[PDB]
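The file input10.txt comes next; it holds compact mmCIF, N, CA, C and O atoms.
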# COMPACT_ATOMS: atom_id res chain seq x y z
N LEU I 523 4.23 33.06 -84.42
CA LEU I 523 3.87 31.78 -83.94
C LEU I 523 5.01 30.84 -83.76
O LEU I 523 4.87 29.86 -83.04
N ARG I 524 6.18 31.09 -84.37
CA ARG I 524 7.30 30.27 -84.03
C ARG I 524 7.54 30.40 -82.55
O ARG I 524 7.93 29.44 -81.89
N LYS I 525 7.33 31.62 -82.01
CA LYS I 525 7.54 31.85 -80.60
C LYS I 525 6.56 31.03 -79.83
O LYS I 525 6.90 30.49 -78.79
N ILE I 526 5.31 30.92 -80.32
CA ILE I 526 4.30 30.16 -79.63
C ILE I 526 4.69 28.72 -79.63
O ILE I 526 4.54 28.03 -78.63
N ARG I 527 5.18 28.21 -80.77
CA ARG I 527 5.53 26.82 -80.86
C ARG I 527 6.62 26.53 -79.88
O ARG I 527 6.56 25.53 -79.16
N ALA I 528 7.65 27.39 -79.83
CA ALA I 528 8.77 27.16 -78.96
C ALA I 528 8.30 27.21 -77.54
O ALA I 528 8.77 26.45 -76.70
N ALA I 529 7.37 28.14 -77.25
CA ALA I 529 6.86 28.30 -75.92
C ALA I 529 6.15 27.05 -75.55
O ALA I 529 6.22 26.61 -74.40
N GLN I 530 5.42 26.43 -76.50
CA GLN I 530 4.68 25.24 -76.20
C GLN I 530 5.63 24.15 -75.83
O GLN I 530 5.41 23.44 -74.85
N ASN I 531 6.73 24.00 -76.60
CA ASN I 531 7.65 22.92 -76.36
C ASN I 531 8.30 23.11 -75.03
O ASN I 531 8.47 22.16 -74.27
N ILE I 532 8.68 24.35 -74.73
CA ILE I 532 9.39 24.63 -73.51
C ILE I 532 8.45 24.37 -72.36
O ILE I 532 8.86 23.83 -71.34
N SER I 533 7.17 24.75 -72.50
CA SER I 533 6.21 24.59 -71.44
C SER I 533 5.99 23.12 -71.22
O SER I 533 5.76 22.69 -70.09
N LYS I 534 6.03 22.33 -72.30
CA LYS I 534 5.80 20.92 -72.16
C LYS I 534 6.90 20.35 -71.33
O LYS I 534 6.65 19.60 -70.39
N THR I 535 8.16 20.70 -71.65
CA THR I 535 9.26 20.14 -70.93
C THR I 535 9.19 20.58 -69.50
O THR I 535 9.35 19.78 -68.58
N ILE I 536 8.96 21.89 -69.29
CA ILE I 536 9.03 22.42 -67.96
C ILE I 536 7.93 21.86 -67.12
O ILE I 536 8.17 21.34 -66.03
N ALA I 537 6.69 21.97 -67.61
CA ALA I 537 5.56 21.63 -66.81
C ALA I 537 5.53 20.17 -66.51
O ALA I 537 5.25 19.77 -65.38
N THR I 538 5.83 19.32 -67.51
CA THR I 538 5.56 17.93 -67.34
C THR I 538 6.58 17.29 -66.49
O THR I 538 7.77 17.27 -66.80
N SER I 539 6.11 16.72 -65.37
CA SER I 539 6.95 15.95 -64.52
C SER I 539 6.05 14.96 -63.86
O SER I 539 4.99 15.32 -63.35
N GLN I 540 6.46 13.69 -63.87
CA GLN I 540 5.69 12.68 -63.22
C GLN I 540 6.68 11.73 -62.65
O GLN I 540 7.84 11.72 -63.05
N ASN I 541 6.26 10.92 -61.67
CA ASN I 541 7.16 9.94 -61.15
C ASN I 541 6.38 8.68 -61.10
O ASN I 541 5.19 8.68 -60.79
N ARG I 542 7.03 7.54 -61.42
CA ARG I 542 6.29 6.32 -61.37
C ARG I 542 7.16 5.27 -60.77
O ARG I 542 8.33 5.12 -61.13
N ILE I 543 6.58 4.52 -59.82
CA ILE I 543 7.29 3.44 -59.20
C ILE I 543 6.48 2.23 -59.50
O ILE I 543 5.31 2.15 -59.10
N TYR I 544 7.05 1.25 -60.21
CA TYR I 544 6.25 0.10 -60.51
C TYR I 544 7.00 -1.14 -60.16
O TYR I 544 8.18 -1.28 -60.48
N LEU I 545 6.31 -2.07 -59.47
CA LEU I 545 6.87 -3.34 -59.15
C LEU I 545 5.75 -4.32 -59.26
O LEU I 545 4.70 -4.14 -58.66
N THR I 546 5.94 -5.38 -60.07
CA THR I 546 4.88 -6.34 -60.19
C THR I 546 5.50 -7.69 -60.35
O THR I 546 6.64 -7.81 -60.79
N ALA I 547 4.75 -8.74 -59.98
CA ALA I 547 5.22 -10.07 -60.16
C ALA I 547 4.02 -10.95 -60.21
O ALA I 547 2.97 -10.61 -59.66
N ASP I 548 4.13 -12.11 -60.88
CA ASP I 548 3.01 -12.99 -60.92
C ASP I 548 3.15 -13.92 -59.77
O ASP I 548 3.99 -14.81 -59.78
N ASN I 549 2.32 -13.73 -58.73
CA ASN I 549 2.41 -14.62 -57.61
C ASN I 549 1.51 -15.78 -57.89
O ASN I 549 0.29 -15.66 -57.85
N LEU I 550 2.12 -16.94 -58.20
CA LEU I 550 1.34 -18.12 -58.42
C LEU I 550 1.89 -19.13 -57.48
O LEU I 550 2.96 -19.69 -57.71
N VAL I 551 1.18 -19.38 -56.36
CA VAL I 551 1.70 -20.31 -55.41
C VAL I 551 1.04 -21.62 -55.66
O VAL I 551 -0.19 -21.73 -55.64
N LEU I 552 1.86 -22.66 -55.90
CA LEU I 552 1.35 -23.97 -56.10
C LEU I 552 1.99 -24.81 -55.05
O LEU I 552 3.22 -24.87 -54.95
N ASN I 553 1.17 -25.47 -54.21
CA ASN I 553 1.74 -26.27 -53.17
C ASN I 553 1.13 -27.63 -53.27
O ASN I 553 -0.08 -27.78 -53.41
N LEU I 554 1.99 -28.66 -53.20
CA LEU I 554 1.50 -30.00 -53.15
C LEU I 554 2.07 -30.58 -51.90
O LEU I 554 3.28 -30.75 -51.77
N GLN I 555 1.20 -30.89 -50.92
CA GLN I 555 1.73 -31.38 -49.68
C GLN I 555 0.62 -32.09 -49.00
O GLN I 555 -0.53 -32.05 -49.44
N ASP I 556 0.93 -32.79 -47.88
CA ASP I 556 -0.10 -33.48 -47.17
C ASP I 556 0.18 -33.29 -45.72
O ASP I 556 1.33 -33.15 -45.31
N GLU I 557 -0.89 -33.28 -44.89
CA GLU I 557 -0.69 -33.15 -43.48
C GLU I 557 -0.44 -34.52 -42.94
O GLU I 557 -1.37 -35.23 -42.54
N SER I 558 0.84 -34.93 -42.90
CA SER I 558 1.19 -36.24 -42.44
C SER I 558 1.50 -36.14 -40.98
O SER I 558 1.45 -35.05 -40.41
N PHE I 559 1.82 -37.27 -40.33
CA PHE I 559 2.06 -37.19 -38.92
C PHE I 559 3.45 -37.64 -38.64
O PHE I 559 3.92 -38.64 -39.18
N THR I 560 4.14 -36.90 -37.75
CA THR I 560 5.40 -37.35 -37.25
C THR I 560 5.43 -36.91 -35.83
O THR I 560 6.26 -36.08 -35.44
N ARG I 561 4.53 -37.46 -35.00
CA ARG I 561 4.48 -37.02 -33.64
C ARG I 561 3.84 -38.08 -32.81
O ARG I 561 3.28 -39.04 -33.33
N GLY I 562 3.94 -37.91 -31.48
CA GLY I 562 3.30 -38.83 -30.58
C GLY I 562 2.44 -38.00 -29.69
O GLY I 562 2.89 -37.47 -28.67
N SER I 563 1.15 -37.87 -30.05
CA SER I 563 0.26 -37.09 -29.25
C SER I 563 0.20 -37.72 -27.90
O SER I 563 0.72 -37.18 -26.92
N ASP I 564 -0.43 -38.90 -27.81
CA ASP I 564 -0.49 -39.60 -26.57
C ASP I 564 -0.45 -41.05 -26.92
O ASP I 564 -0.98 -41.45 -27.96
N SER I 565 0.18 -41.87 -26.07
CA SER I 565 0.26 -43.26 -26.40
C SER I 565 -0.79 -43.96 -25.62
O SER I 565 -0.79 -43.94 -24.39
N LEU I 566 -1.72 -44.62 -26.33
CA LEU I 566 -2.72 -45.40 -25.67
C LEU I 566 -2.25 -46.80 -25.75
O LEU I 566 -1.73 -47.24 -26.78
N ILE I 567 -2.39 -47.56 -24.64
CA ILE I 567 -1.90 -48.90 -24.69
C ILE I 567 -3.08 -49.80 -24.89
O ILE I 567 -4.06 -49.75 -24.15
N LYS I 568 -3.00 -50.64 -25.93
CA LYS I 568 -4.07 -51.54 -26.24
C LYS I 568 -3.45 -52.87 -26.46
O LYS I 568 -2.23 -53.00 -26.59
N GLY I 569 -4.29 -53.92 -26.49
CA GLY I 569 -3.77 -55.24 -26.70
C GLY I 569 -4.79 -55.98 -27.50
O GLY I 569 -5.96 -55.59 -27.55
N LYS I 570 -4.36 -57.07 -28.16
CA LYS I 570 -5.29 -57.82 -28.95
C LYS I 570 -5.39 -59.17 -28.33
O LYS I 570 -4.39 -59.76 -27.91
N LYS I 571 -6.62 -59.71 -28.25
CA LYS I 571 -6.81 -61.01 -27.70
C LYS I 571 -7.40 -61.88 -28.80
O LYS I 571 -7.67 -63.08 -28.53
N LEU G 736 47.45 -7.59 -126.35
CA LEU G 736 46.87 -7.84 -125.06
C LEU G 736 45.45 -7.39 -125.09
O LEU G 736 45.15 -6.25 -125.42
N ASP G 737 44.54 -8.33 -124.77
CA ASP G 737 43.13 -8.07 -124.71
C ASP G 737 42.85 -7.24 -123.50
O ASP G 737 42.09 -6.28 -123.56
N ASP G 738 43.43 -7.62 -122.34
CA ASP G 738 43.15 -6.89 -121.15
C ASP G 738 44.28 -7.09 -120.19
O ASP G 738 44.93 -8.13 -120.19
N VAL G 739 44.56 -6.06 -119.36
CA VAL G 739 45.58 -6.15 -118.35
C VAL G 739 44.98 -5.61 -117.09
O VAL G 739 44.52 -4.47 -117.05
N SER G 740 44.99 -6.43 -116.02
CA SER G 740 44.39 -5.95 -114.81
C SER G 740 45.23 -6.38 -113.65
O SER G 740 45.79 -7.47 -113.63
N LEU G 741 45.31 -5.50 -112.64
CA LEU G 741 46.02 -5.80 -111.43
C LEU G 741 45.10 -6.66 -110.64
O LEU G 741 43.93 -6.31 -110.46
N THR G 742 45.58 -7.81 -110.15
CA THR G 742 44.72 -8.60 -109.32
C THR G 742 45.45 -8.93 -108.05
O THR G 742 46.66 -9.15 -108.04
N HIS G 743 44.68 -8.94 -106.94
CA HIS G 743 45.13 -9.12 -105.59
C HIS G 743 46.36 -8.33 -105.29
O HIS G 743 47.49 -8.75 -105.56
N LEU G 744 46.15 -7.11 -104.75
CA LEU G 744 47.21 -6.30 -104.23
C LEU G 744 47.29 -6.69 -102.79
O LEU G 744 46.32 -6.56 -102.04
N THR G 745 48.47 -7.20 -102.37
CA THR G 745 48.51 -7.88 -101.11
C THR G 745 49.83 -7.59 -100.44
O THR G 745 50.47 -6.59 -100.79
N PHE G 746 50.34 -8.43 -99.49
CA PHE G 746 50.09 -9.81 -99.07
C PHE G 746 48.72 -10.15 -98.56
O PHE G 746 47.84 -9.31 -98.39
N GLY G 747 48.54 -11.48 -98.34
CA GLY G 747 47.34 -12.16 -97.93
C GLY G 747 46.95 -11.75 -96.56
O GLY G 747 45.77 -11.51 -96.30
N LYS G 748 47.91 -11.67 -95.62
CA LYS G 748 47.60 -11.18 -94.31
C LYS G 748 47.11 -9.80 -94.54
O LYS G 748 46.19 -9.31 -93.89
N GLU G 749 47.76 -9.15 -95.52
CA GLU G 749 47.48 -7.79 -95.83
C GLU G 749 46.11 -7.65 -96.41
O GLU G 749 45.53 -6.57 -96.28
N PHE G 750 45.57 -8.69 -97.07
CA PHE G 750 44.26 -8.52 -97.66
C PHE G 750 43.34 -8.11 -96.55
O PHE G 750 42.70 -7.07 -96.59
N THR G 751 43.28 -8.98 -95.52
CA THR G 751 42.33 -8.85 -94.46
C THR G 751 42.61 -7.62 -93.66
O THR G 751 41.69 -6.87 -93.33
N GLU G 752 43.88 -7.36 -93.32
CA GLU G 752 44.17 -6.26 -92.46
C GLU G 752 43.72 -5.00 -93.13
O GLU G 752 43.08 -4.15 -92.52
N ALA G 753 44.05 -4.85 -94.43
CA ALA G 753 43.79 -3.63 -95.13
C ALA G 753 42.32 -3.39 -95.24
O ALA G 753 41.85 -2.28 -95.02
N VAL G 754 41.55 -4.44 -95.59
CA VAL G 754 40.14 -4.26 -95.79
C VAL G 754 39.51 -3.92 -94.48
O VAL G 754 38.63 -3.06 -94.41
N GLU G 755 39.94 -4.60 -93.40
CA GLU G 755 39.39 -4.44 -92.09
C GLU G 755 39.59 -3.03 -91.64
O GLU G 755 38.67 -2.39 -91.13
N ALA G 756 40.82 -2.51 -91.83
CA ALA G 756 41.13 -1.19 -91.35
C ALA G 756 40.27 -0.21 -92.06
O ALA G 756 39.71 0.71 -91.45
N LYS G 757 40.13 -0.37 -93.39
CA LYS G 757 39.37 0.58 -94.15
C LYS G 757 37.94 0.51 -93.71
O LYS G 757 37.26 1.53 -93.64
N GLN G 758 37.45 -0.71 -93.41
CA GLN G 758 36.07 -0.92 -93.05
C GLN G 758 35.75 -0.15 -91.81
O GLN G 758 34.74 0.54 -91.75
N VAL G 759 36.61 -0.26 -90.78
CA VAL G 759 36.29 0.37 -89.54
C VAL G 759 36.26 1.85 -89.75
O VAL G 759 35.37 2.54 -89.25
N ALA G 760 37.24 2.37 -90.50
CA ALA G 760 37.33 3.78 -90.72
C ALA G 760 36.08 4.22 -91.41
O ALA G 760 35.53 5.27 -91.09
N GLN G 761 35.61 3.42 -92.38
CA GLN G 761 34.46 3.79 -93.15
C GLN G 761 33.26 3.85 -92.26
O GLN G 761 32.43 4.75 -92.38
N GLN G 762 33.11 2.87 -91.34
CA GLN G 762 31.93 2.83 -90.54
C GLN G 762 31.86 4.06 -89.71
O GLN G 762 30.81 4.69 -89.60
N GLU G 763 32.99 4.44 -89.09
CA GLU G 763 32.95 5.54 -88.19
C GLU G 763 32.68 6.80 -88.96
O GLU G 763 31.93 7.66 -88.52
N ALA G 764 33.31 6.93 -90.15
CA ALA G 764 33.16 8.12 -90.93
C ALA G 764 31.73 8.27 -91.32
O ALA G 764 31.17 9.37 -91.26
N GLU G 765 31.08 7.16 -91.73
CA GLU G 765 29.73 7.24 -92.19
C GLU G 765 28.83 7.57 -91.04
O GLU G 765 27.85 8.30 -91.21
N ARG G 766 29.12 7.04 -89.84
CA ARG G 766 28.28 7.34 -88.72
C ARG G 766 28.37 8.81 -88.47
O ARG G 766 27.39 9.45 -88.11
N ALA G 767 29.57 9.39 -88.67
CA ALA G 767 29.74 10.80 -88.50
C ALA G 767 28.83 11.47 -89.48
O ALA G 767 28.24 12.51 -89.19
N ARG G 768 28.70 10.87 -90.68
CA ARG G 768 27.85 11.39 -91.71
C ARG G 768 26.45 11.41 -91.21
O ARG G 768 25.72 12.38 -91.43
N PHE G 769 26.03 10.34 -90.51
CA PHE G 769 24.67 10.26 -90.06
C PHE G 769 24.45 11.40 -89.12
O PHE G 769 23.41 12.04 -89.13
N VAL G 770 25.46 11.66 -88.27
CA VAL G 770 25.33 12.68 -87.27
C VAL G 770 25.08 14.00 -87.94
O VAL G 770 24.18 14.74 -87.54
N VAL G 771 25.87 14.32 -88.98
CA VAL G 771 25.75 15.60 -89.62
C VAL G 771 24.39 15.71 -90.23
O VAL G 771 23.72 16.74 -90.08
N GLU G 772 23.94 14.65 -90.92
CA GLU G 772 22.69 14.69 -91.62
C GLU G 772 21.59 14.89 -90.63
O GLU G 772 20.69 15.70 -90.85
N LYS G 773 21.65 14.15 -89.51
CA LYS G 773 20.59 14.19 -88.54
C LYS G 773 20.50 15.57 -87.98
O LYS G 773 19.41 16.06 -87.72
N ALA G 774 21.66 16.22 -87.77
CA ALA G 774 21.66 17.55 -87.22
C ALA G 774 20.97 18.46 -88.18
O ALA G 774 20.21 19.34 -87.77
N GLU G 775 21.24 18.30 -89.49
CA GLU G 775 20.64 19.16 -90.46
C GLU G 775 19.17 18.95 -90.47
O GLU G 775 18.40 19.90 -90.58
N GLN G 776 18.73 17.68 -90.36
CA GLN G 776 17.33 17.40 -90.43
C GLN G 776 16.64 18.06 -89.28
O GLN G 776 15.56 18.63 -89.44
N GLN G 777 17.25 18.00 -88.08
CA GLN G 777 16.60 18.55 -86.93
C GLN G 777 16.51 20.04 -87.09
O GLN G 777 15.52 20.65 -86.70
N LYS G 778 17.56 20.66 -87.67
CA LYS G 778 17.55 22.08 -87.86
C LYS G 778 16.42 22.42 -88.79
O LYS G 778 15.70 23.39 -88.57
N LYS G 779 16.25 21.61 -89.85
CA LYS G 779 15.24 21.83 -90.85
C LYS G 779 13.90 21.72 -90.20
O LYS G 779 13.03 22.56 -90.42
N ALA G 780 13.71 20.68 -89.37
CA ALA G 780 12.43 20.45 -88.77
C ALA G 780 12.09 21.65 -87.93
O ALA G 780 10.94 22.08 -87.91
N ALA G 781 13.08 22.21 -87.23
CA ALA G 781 12.87 23.33 -86.36
C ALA G 781 12.37 24.50 -87.16
O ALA G 781 11.47 25.21 -86.74
N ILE G 782 12.97 24.72 -88.35
CA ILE G 782 12.61 25.84 -89.18
C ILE G 782 11.18 25.69 -89.60
O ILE G 782 10.39 26.62 -89.48
N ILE G 783 10.82 24.49 -90.11
CA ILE G 783 9.50 24.26 -90.64
C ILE G 783 8.48 24.39 -89.56
O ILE G 783 7.39 24.90 -89.80
N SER G 784 8.80 23.90 -88.35
CA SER G 784 7.86 23.97 -87.27
C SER G 784 7.58 25.41 -86.96
O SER G 784 6.43 25.79 -86.77
N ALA G 785 8.63 26.25 -86.92
CA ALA G 785 8.47 27.64 -86.59
C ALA G 785 7.62 28.29 -87.63
O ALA G 785 6.78 29.14 -87.32
N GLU G 786 7.82 27.92 -88.91
CA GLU G 786 7.07 28.47 -90.00
C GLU G 786 5.65 28.08 -89.80
O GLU G 786 4.74 28.88 -89.98
N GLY G 787 5.44 26.80 -89.44
CA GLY G 787 4.13 26.25 -89.33
C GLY G 787 3.40 26.95 -88.24
O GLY G 787 2.23 27.29 -88.38
N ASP G 788 4.08 27.18 -87.10
CA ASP G 788 3.38 27.79 -86.02
C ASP G 788 3.01 29.15 -86.48
O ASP G 788 1.86 29.57 -86.32
N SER G 789 3.96 29.86 -87.12
CA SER G 789 3.78 31.17 -87.68
C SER G 789 2.48 31.23 -88.40
O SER G 789 1.61 32.04 -88.07

Can I see the file as structure tokens?
Amino acid sequence: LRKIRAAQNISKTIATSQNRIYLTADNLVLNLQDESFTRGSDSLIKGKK
Amino acid sequence: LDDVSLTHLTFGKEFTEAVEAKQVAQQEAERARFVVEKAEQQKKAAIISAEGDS
């Protein structure tokens, strides 16, 4: 059985192969903004009386 | 004379240098010791495992 034990260990090393690719990140997007205006859509001309 | 003892074998620069040198040597030597011991332990473990499987 020493042979069996050795065989087990050798088989473990030989047989076992795995590959792992891991990439993770905590995506926490926090945005504070406002839809302000900086444009001239169309100029309407008005007057006050 | 009640007692006679050598105290501070030096010089002073020598105190530190000497102790330091011995210290480093000791650390490495002992680590070598760990290596030997560990090798023996692994050999032992191998024997026992084989016996156990047996």

Could you work out which residues of chain I fall inside 9 Å of chain G? Count only C-alpha atoms, and format the result as a PDB file with N, CA, C and O atoms, in the frame of the given file.
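Listing of selection.pdb after writing:
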ATOM      1  N   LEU I 523       4.230  33.060 -84.420  1.00  0.00           N
ATOM      2  CA  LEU I 523       3.870  31.780 -83.940  1.00  0.00           C
ATOM      3  C   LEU I 523       5.010  30.840 -83.760  1.00  0.00           C
ATOM      4  O   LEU I 523       4.870  29.860 -83.040  1.00  0.00           O
ATOM      5  N   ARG I 524       6.180  31.090 -84.370  1.00  0.00           N
ATOM      6  CA  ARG I 524       7.300  30.270 -84.030  1.00  0.00           C
ATOM      7  C   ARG I 524       7.540  30.400 -82.550  1.00  0.00           C
ATOM      8  O   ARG I 524       7.930  29.440 -81.890  1.00  0.00           O
ATOM      9  N   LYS I 525       7.330  31.620 -82.010  1.00  0.00           N
ATOM     10  CA  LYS I 525       7.540  31.850 -80.600  1.00  0.00           C
ATOM     11  C   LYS I 525       6.560  31.030 -79.830  1.00  0.00           C
ATOM     12  O   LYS I 525       6.900  30.490 -78.790  1.00  0.00           O
ATOM     13  N   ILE I 526       5.310  30.920 -80.320  1.00  0.00           N
ATOM     14  CA  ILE I 526       4.300  30.160 -79.630  1.00  0.00           C
ATOM     15  C   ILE I 526       4.690  28.720 -79.630  1.00  0.00           C
ATOM     16  O   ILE I 526       4.540  28.030 -78.630  1.00  0.00           O
ATOM     17  N   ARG I 527       5.180  28.210 -80.770  1.00  0.00           N
ATOM     18  CA  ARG I 527       5.530  26.820 -80.860  1.00  0.00           C
ATOM     19  C   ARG I 527       6.620  26.530 -79.880  1.00  0.00           C
ATOM     20  O   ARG I 527       6.560  25.530 -79.160  1.00  0.00           O
ATOM     21  N   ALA I 528       7.650  27.390 -79.830  1.00  0.00           N
ATOM     22  CA  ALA I 528       8.770  27.160 -78.960  1.00  0.00           C
ATOM     23  C   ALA I 528       8.300  27.210 -77.540  1.00  0.00           C
ATOM     24  O   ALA I 528       8.770  26.450 -76.700  1.00  0.00           O
TER      25      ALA I 528
END

* Point-to-point distance in Å for atom C of residue I:531 and atom O of residue G:776 -> 16.7 Å

* Members of chain G assigned helix (DSSP H, G or I) by DSSP, as a PyMOL selection string -> chain G and resi 747-788
